[PDB]
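Those protein sequence lines, which keep their order, are chains A and B. Here this note's numbering is used: position 628 in the first sequence is 945, and no number is missing along the way. Here this note's numbering is used: position 690 in the second sequence is 855, and no number is missing along the way. Yeah, the Cβ is synthetic: ideal placement off N, Cα and C, and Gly gets one too. Down below is the structure, laid out as structure tokens.
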Amino acid sequence: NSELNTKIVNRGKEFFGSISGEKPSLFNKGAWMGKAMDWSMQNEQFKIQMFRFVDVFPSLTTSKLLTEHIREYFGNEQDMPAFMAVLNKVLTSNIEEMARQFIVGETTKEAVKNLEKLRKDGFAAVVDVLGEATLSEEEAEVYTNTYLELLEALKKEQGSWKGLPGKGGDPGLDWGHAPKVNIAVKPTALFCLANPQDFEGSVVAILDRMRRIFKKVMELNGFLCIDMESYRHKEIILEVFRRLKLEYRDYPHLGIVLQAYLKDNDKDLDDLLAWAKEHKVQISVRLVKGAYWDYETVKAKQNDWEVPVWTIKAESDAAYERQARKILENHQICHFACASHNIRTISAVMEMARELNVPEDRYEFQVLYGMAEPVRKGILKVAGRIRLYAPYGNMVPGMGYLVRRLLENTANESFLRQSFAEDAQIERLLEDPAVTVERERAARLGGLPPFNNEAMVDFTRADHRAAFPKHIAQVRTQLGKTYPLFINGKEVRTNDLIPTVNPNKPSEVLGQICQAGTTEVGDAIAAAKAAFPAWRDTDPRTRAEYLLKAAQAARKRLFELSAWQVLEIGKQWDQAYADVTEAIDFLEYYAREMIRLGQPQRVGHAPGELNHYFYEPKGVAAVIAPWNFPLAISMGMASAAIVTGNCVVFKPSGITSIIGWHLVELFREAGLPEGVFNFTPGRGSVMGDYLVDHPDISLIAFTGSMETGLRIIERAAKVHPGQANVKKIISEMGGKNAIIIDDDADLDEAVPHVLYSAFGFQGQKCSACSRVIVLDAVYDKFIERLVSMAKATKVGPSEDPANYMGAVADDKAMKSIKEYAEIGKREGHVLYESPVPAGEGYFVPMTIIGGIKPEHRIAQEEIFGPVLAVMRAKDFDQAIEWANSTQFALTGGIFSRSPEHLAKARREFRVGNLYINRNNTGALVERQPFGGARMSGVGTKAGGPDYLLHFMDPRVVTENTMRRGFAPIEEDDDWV
Amino acid sequence: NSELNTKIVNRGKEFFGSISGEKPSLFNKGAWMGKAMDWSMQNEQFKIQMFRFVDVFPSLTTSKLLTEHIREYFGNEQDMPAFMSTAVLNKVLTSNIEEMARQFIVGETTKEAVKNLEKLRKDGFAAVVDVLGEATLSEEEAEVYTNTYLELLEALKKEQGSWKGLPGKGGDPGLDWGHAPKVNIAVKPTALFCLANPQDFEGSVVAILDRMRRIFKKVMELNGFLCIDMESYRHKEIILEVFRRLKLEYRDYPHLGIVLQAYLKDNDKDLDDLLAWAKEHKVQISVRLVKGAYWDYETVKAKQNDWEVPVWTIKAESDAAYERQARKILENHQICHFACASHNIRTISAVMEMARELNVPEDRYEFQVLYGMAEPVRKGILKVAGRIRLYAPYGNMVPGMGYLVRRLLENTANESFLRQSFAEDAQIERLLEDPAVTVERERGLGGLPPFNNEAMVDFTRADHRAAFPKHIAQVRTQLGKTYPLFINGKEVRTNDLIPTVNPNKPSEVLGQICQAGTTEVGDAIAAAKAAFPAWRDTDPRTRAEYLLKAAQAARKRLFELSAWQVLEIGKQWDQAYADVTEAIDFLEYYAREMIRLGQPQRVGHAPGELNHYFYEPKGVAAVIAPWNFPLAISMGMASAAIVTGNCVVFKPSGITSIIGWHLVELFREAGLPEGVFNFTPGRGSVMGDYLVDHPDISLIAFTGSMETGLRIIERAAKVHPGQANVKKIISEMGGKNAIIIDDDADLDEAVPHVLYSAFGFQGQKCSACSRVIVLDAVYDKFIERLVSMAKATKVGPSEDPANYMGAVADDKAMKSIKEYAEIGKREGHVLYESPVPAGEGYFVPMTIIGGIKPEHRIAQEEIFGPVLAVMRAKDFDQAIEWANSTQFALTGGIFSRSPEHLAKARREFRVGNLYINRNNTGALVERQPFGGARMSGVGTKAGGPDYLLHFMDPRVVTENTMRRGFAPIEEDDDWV
Ligand SMILES: Cc1cc2nc3c(=O)[nH]c(=O)nc-3n(C[C@H](O)[C@H](O)[C@H](O)COP(=O)(O)OP(=O)(O)OC[C@H]3O[C@@H](n4cnc5c(N)ncnc54)[C@H](O)[C@@H]3O)c2cc1C
């Protein structure tokens, strides 16, 4: 109502007048910090450098690291802004001061002292131990015992504390009603593998530590608040809160954060309230807007997910007022902490509490330490119940927090910045955000929508979590079939059968595969050759349409197709779903690529002449596919050849033949003309060379081992009698991929990314990291954390989402990988070797081996398993040299925050796909066109804009258009 | 001059007034011709179809041919325009087309012509008689044309005595108007010599002069007038010289005329020179001043060769030019008799008033118009001046087609005075405006201009004609040198020397070439490998700059570099120059292509992430080059490898090793860093496999024979120890190229294009036509004309421009080609075999063999010499089948005017470069990217937008830009 609004605006106006002139420290341009923040708000390029420098700063531990990074981020001393070895001391001290702005101490004992001082100034606190996204069980224990230690200290002191002044009640309690000891805990700091993919396991592990903390909290009648973090963990955290609450249904001092910036929150808050009523318990909510807005937006768009946050700032403000109102309406069962620095927001809560006549012991106000000082003073004066969020700890564990503060204070849409950095437009600042919302909503090829990668599986969703076990079960009702060849549109059975089994459980037979002899392979090639002329003459637009149809067919079977892979080749849930989406991506991308390349282009501009340049297919393509990306790679190579006008004879890998059969199913459903796609699984020793040597073959697409690929290249180079063309070769032959960890690397990112690159899908990826090359100065520290996280992971059946990795492809892979592991143990020193499950299954321990140098076999030879080599580089030059020391050059990674070292790696770390500050696997179509040279391939990049040309050859038609001195004028003619 | 101008306008106004609205027959919408033209003028698509149909019509000699072409040009009966309605359709259309041919032609034969001329005299018109024909194909045809004039003159000789003189104001009563000879004929010089070409300036003049003289003696015998028509700019200087010489042999004889074309920029000077020349020699001349008949042709032809357009490009400029020059002629009436040849009323009025103002005697100027055109204008002249002469051509439709289509173009052009006056209802004041007034009123990327092909040699220029013999003599002062290897910026000499000689005169030794052993090759490879890292790291823009410098260096030495080729490998003057310009083109094009490809593309649009896609070189490239395009292909392959950042070891063909040395000279002058380019001529039998097999070679660019190409492909496929990359193969392996001569083909165009395709440079081109496939129905006539033109050509030293072709490359080639000729002579039957010069030289006769079928060797094997197979196809489908019957697919041609047959060819005649209605050689950079598949190559096209990528491999750098939940927003980002 406009009546409540008026009272709110008028209260905001009084809040501002009582604050007149007083600015927050961060906006005081008479101190270094205010000058630095000011220039960051005025110069975006400078903000980016300063903020990144702050992040890397605590890792700059030598005089060399500091001096060089300063110059790389701020340029020469004669070139920096005026407010910016002496240079080292000046910057260090200023940056250190900026860090302690937001912390009440580095240590527990320091924190307690400073906390006891804040009470004397009249301030309550909620204490947080700085830390998040823990990397190991041992780290989670340190975090847990720190709270235990903190609570012991506070227990011994709270008895001596006078309760903060109030309107009455218990003088031993704060304001007469609030427990004097109040702490906040970050759930992800309690379990290093927190992941909604393993929902139940994440909840339990976190719950068990939270319960241990909660028990100590309750002993001193304290308050525990459970912080909310990134959207990825919101449902996990809600469930932790509910279970703990029900375990102690009568204990009222337990709170949960709810983030008004989430679209989910209107429902989440309704649900929680209804839940509390249903169970006859009381709850407490700290309502916040949200701390991870940029991250959530970015992460959502990188995965083609719904962005979980509102995208207009005033919508979070409007949501907050809505939800606060709802909470206050429900004050009988829901205690309320208002957590905002926004004077409009605060004034709104205050008026709503008055309008709903809410008792004062049912709501309090909270702000972050070091921030919005006058706002905080205003709250203290006018309401009297102010609690400071007071975090403590060191700069590296606190970095995420600290950077979030600088973001928060300097964002364009920051209420604080708009109030205290720009000429404050008080009326605009205090307007009902709903009105603001409505006004800003007011302001805001070939018929095909442009390409977008298919949405990734999203385990924050209940239905996605439930989908896998259901579809795995459904696949199990359909095992035991005999799969035939598919030639010229017909099923062809043979006598030679090879069973395909579950690698995590070999006694489970999934089906039997007919093998084609050379007679059937010959038939398929002949079928292909016969279908060719009509296919080649089919319009590129029509050909692309079949791919589009096949993509819709696949999209509709996404979870079913994934489940088959989970069982047949031992893909983890995410790995399986990613394999199918990539297949879909290839279909959609190559469709568009053929449509683009399908139209003849006029070349040259001379008059009286028309030159058209255009492409044509080659003929019969042999597609020889690997087992490790059984749908994605197969479909990529086959659809590529098919859309470009060729016809395909396709040999799937034996152990993934059912996945190969999925191509048959999809192209069938798309109505593909007979003979255009043929499925001929067979024994390579029987029909391998035959397929490659055949004179009717014009193109060979292959992915697999270097040995095989190089043999194919050599044999295909011969022109046999009758062979119309020199055989085109598309080969991808794997790698020995390294990630370099520079001495300034962010280890909290580096460690889990390295672990995933190495052991995701048991390391069975051409792209997998099999070498981590670590700079001398961070070696011991990085290695300890890597091994520590590794020890937390579990090896077991891929159908169980609690397992990090599982059995390798087949027994041959197991025997060969184990031999490599033994060689590695003699060359270096084992750092970690995981347990494996007892009994059947092709299990190889997750294995990390140190002491490795370029001369070693496991530093050179592709193992294609869960064996990671760790190599100690003396400096960054050697790290680069070592990275380039194999005969492969497929992928590579580097964790570094030195612009110079990154610039050097971009130039000199010459792999087909180099990744900076993330894992070196998970290449997406269009975004990361995939493939390398040297012994890794012939420089063809799947999923990119040069790929389709490899399956075709260009032709030019030149026409003399002049007849008897008369030529037609064309639009783009050079004329006069 | 406003006073003169006012008389002119007023006189024009009376002229239009006296016309009384009458329209010339072609603009009479009452008749079919008027309707056809009116609709052609309103609908450009119809115009194109109608004009092309008229062109092909006289060759539709059977009912099916006719019926089919009608449907193909105009569609089914029910869809074509009303005036086209009524095989009956064949009869109606035939009838209308014949009538429109008779509009512009006074008859088909001499006798018919004579009778119709007398009828015109009776109506008051004089005549200048022309025998339809131009651009003759043989001596036999030139003789037929000459004898037709002689026959014509004998007939008029007997008749003229009976003719009463046309009425005049005074003079001799036995002469027309009292002063003009009754017999006036016009002759086209290019109808008198089939090889008329300023490249053979003197030989062309003499041949034409010799026939012109015989005609002229007969003309003088009856006291007649002879006018020499002017044709395309290519022959203008030749025709002028022919006139000068004839005039001087008969300085007494006043009745010899010459056409000058006011649409030429040269014409002001040409008229001035001719006038002065006449004064210096004390002789009188006669000039028929015209604007010009070949405007579109000249514009197109100049643009296609990057020549200066010889014509004004604003129509009013030709008009203003005409008035200037006319005035100058009238002022010089003492020595220059004037024929005003124009249908433009403004022009005519200008001449008339200018002649009255200068009081020119009426016996010094007369008016002329084309028969069948501008009827009311023609009658207007008769009434006002009395002295009007019709240009009256005669002959058949095929010989008359050029003339006829010129008339259609002339009456229908947007800029046509007749169209504006009689179709477009233009304002008279505007039509009569001083054209000088009209003239006044009507008047790249990376800092680099867009690519343009280098200007071709232009032998209409006297300095160009004179340049060749002088540079050849200069080259002869440079003979006898020893050419060393060039390695790492140093000259390396070996003691194994091979002489290179003049193939047209083997006793002339051009120099001695050092041969590289395997030792020096290895040194070259090692030097390239060592220069590679710094070259690879050189800015692509900087790399391109070296190519541009090399281009500039070559452009300065164009004639010199050309002369070397004339002597060393026996290129003809134009062939040599075109080789050098093509080298320059590769340099300019590939520079620009590298600048385009050298900038990294952001790929994908996900935020928090940057993917950059870019290209890197491979390493050391072996360039193995042919002798047949010794600068062009060499510079092509090498500069491509170089600009993309590879280093080159270059093996020129032994017999063109000096041309190879030009690359050393050009790259030296460009300042290319040492080791980037190395020159190692050597014995294939010594260092061939060694260069190809070397572990440090990453790429091999080869152009030459299939046998060697396939050998290289096979050997390169093996990966030796130490070999970093799978060898990239770029191979161009020749062709067995056919041209199809369809039964509706324009034979006047086909014959000389086939001859040139087969015998240009002795047939030593991969692109050369070695098979001409001719439809049953035109075979005998095509062959007669082809053999007749061949017989006209002379075989001899390429330094003498009079020769069509000369000796082949070397002794081995001479013997091998001759064996093939003998093979062909036993498979088929010899149709033509030229004389060759006596004595020294590697001469092989220009040879044509008929009776050839697909199963014959010389229908399959590439001969690479002046041996043409003639094949007789039963129908179009067999022609296509036969065209596709070899293992090669490089180039191809088709002469046809059937939309369906062309479409079938575009689809089914699957060669790398297909040419419609022109020769299949002389592909230009950009306009015709050159190369094919099958046994002709591996689908790489030099001079095209896909070429550079073959010398590189793609790389992607993917960067996670988010730090601590903060990422910079980019422009191309998908956001909110
Ligand atoms: C004591 C306390 C505890 C907190 N605990 C947590 C926690 O456990 N988890 C958590 O996630 N947050 C938490 N927060 C909130 C977060 O740390 C910020 O302090 C808060 O979001 C800023 O809101 P505001 O009213 O102070 O400032 P404002 O300037 O009013 O609000 C800024 C907020 O708007 C939102 N926003 C910014 N841009 C947009 C946009 N384009 N579209 C939509 N919304 C936008 C963001 O949430 C941003 O934080 C807590 C805050 C306090 C004071």
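Subject >> Pair within 8 Å by beta-carbon distance, residue 474 (chain A) and residue 509 (chain A) >> reply: Here residue 474 (chain A) is taken as the residue at index 157 of the first sequence, counted from 1. Here residue 509 (chain A) is taken as the residue at index 192 of the first sequence, counted from 1. Against a cut-off of 8 Å, the Cβ pair of residue 509 (chain A) and residue 474 (chain A) comes out as no contact.
**OP:** With 8 Å as the threshold, decide whether the Cβ of residue 368 (chain A) is near any Cβ in chain B.
**Re:** Counted from its first residue, the first sequence places residue 368 (chain A) at position 51. It does; some Cβ of chain B falls within 8 Å.
Subject >> Within 8 Å, strictly: CB atoms of residue 321 (chain B) and residue 293 (chain B) >> reply: In the second sequence, the residue the question calls residue 321 (chain B) occupies position 156. In the second sequence, the residue the question calls residue 293 (chain B) occupies position 128. The answer is no: Cβ separation not under 8 Å.
Original post:
Quick one: what's residue 369 (chain A) bridged to in DSSP?
Top reply: The residue you call residue 369 (chain A) lines up with position 52 of the first sequence. Partner(s): none; residue 369 (chain A) has no beta bridge.
Original post:
Would you say the beta carbon of residue 607 (chain A) comes nearer than 7 Å to a heavy atom of ligand 1?
Top reply: For the purposes of this step, residue 607 (chain A) is taken as residue 290 along the first sequence, with counting starting at 1. Correct: residue 607 (chain A) has its Cβ closer than 7 Å to ligand 1.
Original post:
Which chain B residues sit within Cβ distance under 7 Å of residue 512 (chain A)?
Top reply: Position 195 of the first sequence holds residue 512 (chain A). The premise fails here: residue 512 (chain A) is roughly 19 Å from chain B at the closest Cβ pair, so nothing lies under 7 Å.
Original post:
For residue 665 (chain B), which three-state DSSP category applies?
Top reply: Position 500 of the second sequence, counted from the first residue, corresponds to residue 665 (chain B). Three-state DSSP puts residue 665 (chain B) in a strand.
Original post:
CA-CA distance, residue 720 (chain A) and residue 713 (chain A)?
Top reply: By one-based count along the first sequence, residue 720 (chain A) stands at place 403. By one-based count along the first sequence, residue 713 (chain A) stands at place 396. Roughly 11 Å between the two C-alpha positions.
**OP:** Please list the partners that residue 615 (chain A) has in chain B, where partner means a Cβ-to-Cβ separation under 7 Å.
**Re:** Within the first sequence, the letter at position 298 stands for residue 615 (chain A). Under the 7 Å cutoff, chain B gives 772, 773, 1127, 1132.
**OP:** Please compile the residues from chain A whose C-beta is within a distance smaller than 7 Å of the C-beta of residue 776 (chain B).
**Re:** Taking the first residue of the second sequence as position 1, residue 776 (chain B) is located at position 611. Near residue 776 (chain B) (Cβ distances below 7 Å), the residues of chain A are 1244, 1245.
Original post:
According to the neighbour-count rule (16 or more other Cβ atoms, all chains shown, within 10 Å of its Cβ), is residue 674 (chain B) buried or exposed?
Top reply: Working through the second sequence from its first residue, we reach residue 674 (chain B) at position 509. Per the 10 Å Cβ criterion, exposed.
**OP:** Please determine, among A:559, A:493, A:499, the residue with the shortest C-alpha to C-alpha distance to residue 523 (chain A).
**Re:** Here the question's residue 523 (chain A) lines up with position 206 in the first sequence. Out of A:559, A:493, A:499, A:559 has the C-alpha closest to the C-alpha of residue 523 (chain A).
Original post:
Bridge partners of residue 1065 (chain A), per DSSP?
Top reply: Taking the first residue of the first sequence as position 1, residue 1065 (chain A) is located at position 748. Note: residue 1065 (chain A) sits in no beta bridge, so no partner.
**OP:** Could you tell me if residue 1097 (chain B) is buried or exposed, where buried requires 16 or more neighbouring beta carbons within 10 angstroms of its beta carbon?
**Re:** The residue you call residue 1097 (chain B) lines up with position 932 of the second sequence. Buried.
Subject >> Contact check, residue 1038 (chain B) vs residue 1047 (chain B), beta carbons under 8 Å >> reply: Looking up residue 1038 (chain B) in the second sequence gives position 873. Looking up residue 1047 (chain B) in the second sequence gives position 882. Contact: yes.
**OP:** List the residues that DSSP assigns as beta-bridge partners of residue 653 (chain A).
**Re:** Taking the first residue of the first sequence as 1, we reach residue 653 (chain A) at position 336. In DSSP, residue 653 (chain A) forms a bridge with A:602, A:680.
Original post:
Taking Cβ to Cβ, would you say residue 1030 (chain B) is nearer than 8 Å to residue 973 (chain B)?
Top reply: For the purposes of this step, residue 1030 (chain B) is taken as residue 865 along the second sequence, with counting starting at 1. For the purposes of this step, residue 973 (chain B) is taken as residue 808 along the second sequence, with counting starting at 1. Contact flag set, yes.
**OP:** Give every residue of the same chain whose Cβ lies closer than 7 Å to the Cβ of residue 765 (chain B), excluding the five residues on either side of it in the sequence, and list them in chain order.
**Re:** Indexing the second sequence from 1 puts residue 765 (chain B) at position 600. Same-chain partners within the cutoff: 777, 778, 779.
**OP:** List the residues of chain A that residue 213 (chain B) touches, going by C-beta distances under 8 Å, in chain order.
**Re:** Here residue 213 (chain B) refers to the residue found at position 48 when the second sequence is read from its first residue. Under the 8 Å cutoff, chain A gives 1285.
**OP:** List the residues of chain B that residue 628 (chain A) touches, going by C-beta distances under 7 Å, in chain order.
**Re:** Locating residue 628 (chain A) in the first sequence gives position 311, where the first residue counts as 1. 1141, listed in chain order.
**OP:** Could you pull the start and end residues of the alpha helix (DSSP H) that residue 828 (chain B) belongs to?
**Re:** Looking up residue 828 (chain B) in the second sequence gives position 663. Element bounds for residue 828 (chain B): 822 to 834.
Original post:
Would you say residue 1275 (chain A) faces chain B, with C-beta separation under 8 Å as the test?
Top reply: On the first sequence, position 958 is the one that residue 1275 (chain A) refers to. Cβ-Cβ to chain B under 8 Å: yes for residue 1275 (chain A).
Subject >> 7 Å Cβ shell around residue 285 (chain B) - same chain, five flanking residues per side excluded >> reply: Reading the second sequence from its first residue, position 120 is the one you call residue 285 (chain B). Answer for residue 285 (chain B): 292, 555, listed in chain order.
Original post:
Quick one: which chain B residues come within Cβ less than 9 Å of residue 1106 (chain A)?
Top reply: In the first sequence, residue 1106 (chain A) corresponds to position 789, counting from 1. Here the premise fails: no neighbours, minimum Cβ distance about 19 Å.
Subject >> Nearest residue (CA-CA) to residue 696 (chain B), options B:652, B:622, B:706, B:667 >> reply: Walking along the second sequence from the start, residue 696 (chain B) turns up at place 531. Among B:652, B:622, B:706, B:667, the Cα nearest to that of residue 696 (chain B) belongs to B:652.
Original post:
Does residue 858 (chain B) come within less than 8 Å of chain A when only Cβ atoms are used?
Top reply: Taking the first residue of the second sequence as position 1, residue 858 (chain B) is located at position 693. The Cβ of residue 858 (chain B) sits no closer than 8 Å to any Cβ of chain A.
Original post:
So does residue 737 (chain A) have its beta carbon nearer than 7 Å to some heavy atom of ligand 1?
Top reply: Counting from 1 along the first sequence, the entry for residue 737 (chain A) is found at position 420. It does not: the Cβ of residue 737 (chain A) is nowhere closer than 7 Å to a heavy atom of ligand 1.
**OP:** Give a yes or no on whether the minimum CB-CB distance between residue 891 (chain B) and chain A is below 8 Å.
**Re:** Position 726 of the second sequence, counting from 1, holds the residue named residue 891 (chain B). Yes, because at least one Cβ of chain A sits closer than 8 Å to the Cβ of residue 891 (chain B).
Subject >> Simplified DSSP state of residue 829 (chain A), which is helix, strand or coil >> reply: Counted from its first residue, the first sequence places residue 829 (chain A) at position 512. Three-state DSSP puts residue 829 (chain A) in a strand.
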